[PDB]
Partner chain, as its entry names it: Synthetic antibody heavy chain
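So this first bit is one chain, no partners, the form solved without its partner chain, shown in structure tokens.
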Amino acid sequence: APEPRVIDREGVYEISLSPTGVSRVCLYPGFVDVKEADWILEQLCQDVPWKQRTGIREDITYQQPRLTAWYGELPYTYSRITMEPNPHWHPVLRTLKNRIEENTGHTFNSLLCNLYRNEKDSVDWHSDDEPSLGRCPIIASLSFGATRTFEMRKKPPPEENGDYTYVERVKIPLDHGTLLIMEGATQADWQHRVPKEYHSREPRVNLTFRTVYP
């Protein structure tokens, strides 16, 4: 089994060129300085209306191993009743939205907040390929609190018979205040997850900004 590549330096990485196109990730460690990130984490922990929700795999439901809240536009196929998106952005979240946009040149209209309570909270392998994100969505990820690992694995071609054993893999540590951008063919050609850990972890808040189209 090949060895996962590690991305942990500020930079811009074309992680693949095919089959759909160039998949690109950009890493910005310390996008938010630690002390400001400490204050932001406090605010979001006190104010975001975190709730336990269910997810779907294979038309069966389950309690997601994370708490969530939504702001702005919601992907068309999700349930507004279940996800309860707030069209009025928390002022702190609005600031971070504006700061990402001013520093990267990308716009967003949707925010998913994820609270990983501890080392047993996680998100399983997936792509951000909801239809209303379009082909090649630009997705910005901002992390606060405990470091957790963002893993990626390349979607195998058909001749691989659905085996992920030998696909290319990337590992990215996401620490306090780090911004990560995915763009290009990344949702098309890759999956990603945040795995559970077998060692004590304090809380982590992740902000995933996206653009939902009508």
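Positions refer to the first chain, counted from 1.
Asks: If you average the Cα B factors in the entry, which is higher, 50 to 58 or 145 to 153?
Replies: Going by the record's values, the stretch with the higher mean is 50 to 58.
Asks: Got a sec? Mean C-alpha B-factor, which is higher, 184 to 192 or 155 to 163?
Replies: So the stretch with the higher mean C-alpha B-factor is 155 to 163.
Asks: Return the residue from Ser127, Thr82, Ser122, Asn114 that has the highest Cα B-factor in the entry.
Replies: Most elevated C-alpha B-factor of the set, per the entry: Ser127.
Asks: Between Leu174, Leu41, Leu67, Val34, let me know which has the highest C-alpha B-factor in the entry?
Replies: The listed residue with the largest C-alpha B-factor is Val34.
Asks: Would the CA B-factor of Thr104 place it in the lowest, middle or highest third of its chain?
Replies: As the PDB entry reports it, the C-alpha B-factor of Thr104 lands in the highest third of its chain.
Asks: With respect to C-alpha B-factor, does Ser18 fall in the lowest, middle or highest third of the chain as deposited?
Replies: Answer is highest: the recorded C-alpha B-factor places it there.
Asks: If you rank every modelled residue in this chain by C-alpha B factor, which third holds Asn118: lowest, middle or highest?
Replies: Its C-alpha B-factor belongs to the middle third of this chain's values.
Asks: How does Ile7 rank on Cα B-factor within its chain, lowest, middle or highest third?
Replies: It falls in the middle third of the chain.
Asks: In terms of the chain's CA B-factor thirds, is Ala140 lowest, middle or highest?
Replies: Its C-alpha B-factor belongs to the lowest third of this chain's values.
Keep in mind that the form deposited with its partner chain bound is missing from the display, and what follows is about it.
Asks: Tell me, please, which stretch of 167 to 175, 26 to 34, 148 to 156, 56 to 64 lies within 4.5 angstroms of its partner chain in the entry with it bound when heavy atoms are compared?
Replies: Among the listed stretches, the partner-contacting one is 26 to 34.
Asks: So in the entry with it bound, is its partner chain close enough to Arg99 to count as touching (4.5 Å, heavy atoms)?
Replies: Close contact exists here: in the entry with it bound, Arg99 approaches its partner chain to within 4.5 Å, heavy atoms only.
Asks: Given that the partner is absent here, does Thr68 sit within 4.5 Å of its partner chain in the entry with it bound, heavy atoms only?
Replies: No, no contact at 4.5 Å.
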